[PDB]
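Below, in structure tokens: the form deposited in one PDB entry, a single chain.
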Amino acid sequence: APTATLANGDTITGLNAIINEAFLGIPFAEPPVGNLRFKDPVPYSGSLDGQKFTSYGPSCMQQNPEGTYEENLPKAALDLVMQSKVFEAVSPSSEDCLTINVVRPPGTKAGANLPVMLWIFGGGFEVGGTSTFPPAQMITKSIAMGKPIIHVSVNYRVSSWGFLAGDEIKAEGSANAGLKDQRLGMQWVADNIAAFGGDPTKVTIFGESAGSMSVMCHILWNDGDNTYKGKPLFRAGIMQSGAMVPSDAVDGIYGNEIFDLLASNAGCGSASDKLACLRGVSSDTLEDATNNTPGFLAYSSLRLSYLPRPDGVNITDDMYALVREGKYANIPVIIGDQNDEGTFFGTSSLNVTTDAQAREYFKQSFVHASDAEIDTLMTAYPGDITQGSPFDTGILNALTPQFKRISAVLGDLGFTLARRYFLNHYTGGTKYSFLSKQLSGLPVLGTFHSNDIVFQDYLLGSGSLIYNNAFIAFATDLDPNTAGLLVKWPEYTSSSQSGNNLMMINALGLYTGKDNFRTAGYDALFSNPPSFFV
């Protein structure tokens, strides 16, 4: 029933879901299989003429979150679940996974010129797919608001398949393949979105967690040049939890170790060209070898095995430096956080209970940090359980004497204070920032990492006012205030500015506040950012 005519003249059919029209599973690239593994995506050249696109394709290969070279119960358990026929039926994954999904309000026709919201999912750069992020809530609210938008989502390679690094990967020019998948999807939207009723000049990119750090990377891509065929690929960005990635170069120390580990795992330790050896192994051996490297929930936690790393080609340098040096695209941005970003990651080191163990955990995580810097950090984030995350809970959530401590640190470096650093240095366009405390009181996790996905795609709550409405007004008008909320969202100029600069959210609704908390942690972490890179 729904129909579109692509740039190359092909004409496809979608599905009419009543409350919206969807075109799911459109291939935007050749399958990154065989000798195309770990390499840049190749544009799709073939025919889609007369084809039906009524369901999401398989996600790219997934990594066991509890994977690691060690053997243990959670690793065993998740593997048991992940390799099950039931799981593989309900959630199919494949190396041939580079597809794109377009969903629009019902009745939309070519030429409508609706603003476009291109979603980039977050899954710790190791798991994830588009099928788990329902656009219906967004789309519907946009219609109700009288600001209809088109929701676009793109699959990208994760874990070893999309973020392998090391000397060989650098030499070949194959770094950050997963980010390149994302970049091609954008180019595809530029060329084809008009056929669906969207305006290619009104694209707002947005993601959460890894999707968010992805949006930052796109702003920094090619020293800030975001054009394609002479026109910008997007006019704005919304980052939900995540700014710059605190990572060393692709041919760095941990990028090289992981590469080597993965190679030994696949049986390529003796190969003179391990990379070629890796392209030759079956998908099973590769999937297996990857699950034997640390997953995000493993003890390594935030020190991810796979993630965006400066390559000196498309991301020319340390991401913090690029921001200080003004090498970014000049676009208006909304960037916010959840009050308790680190409680999730803090669950991965619950066998650390004494300050002596805490100091060593940090030392193993941040190899570039001197004992002096470790000491300063452990002074800014003290053992006092009342001072940690879940913030403001007193002596509760004391799973261990160090849990709340470790959570306060990880969530700040990885997201919360990382954001403030971007904000204090960024002059590309108007900035807007928010902080959620919607789930205050939730035992153990607090207003935890990713709860925004729930209030943006699944359930309604005070938070949906920002996650849907405000995000919609911004994509349409480049100002979240056009949404018509009762609380005006003030512009963010600096964390040292007088007056409220953050939009806040609690169980009841919205209010304004200041971005001046944990200043001591900020200087401990960012006085010399590279001391804390992974």
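When you see a residue number, it is the position in the sequence shown, counting from 1. Only residues modelled in both forms are compared. Take the two forms, find the largest set of C-alpha atoms that superpose within 1.5 Å, and that set is the rigid core.
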item	value
Segment of higher mean CA temperature factor, 400-408 or 381-389	381-389
Mean C-alpha B-factor comparison - 262-270 and 317-325, higher one	262-270
Top residue by Cα temperature factor, when 61, 475, 503, 483 are compared in the entry	483
Deposited CA B-factor, highest of 220, 423, 460, 245	460
CA B-factor ranking of residue 115, expressed as a third of its chain	middle
Lowest, middle or highest third - CA B-factor, residue 41	middle
Modelled-residue ranking by C-alpha temperature factor, third containing residue 65	lowest
Entry-reported Cα temperature factor of residue 456, expressed as the chain third it lands in	lowest
Chain-relative CA temperature factor third for residue 121	lowest
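The following text describes the form deposited in another entry, which does not appear among the structures shown.
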query	finding
Which one of 76, 459, 144, 321, by Cα shift of 2 Å or more between this form and the one not shown, core superposed	76
Exceeds or equals 2 Å, Cα of residue 86 between this form and the one not shown, core fit	yes
Residue 67 C-alpha relocation of at least 2 Å between this form and the one not shown, rigid core basis	yes
Shift in CA distance, residue 87 and residue 156, in the other form relative to the form shown here, given it is 3 Å or more	closer
Pairwise C-alpha change, residue 90 versus residue 127, in the other form against this form - closer or farther, 3 angstroms or more	closer
Sequence-ordered runs, three or more residues, C-alpha shift 2 Å or more between this form and the one not shown, rigid core	67-91
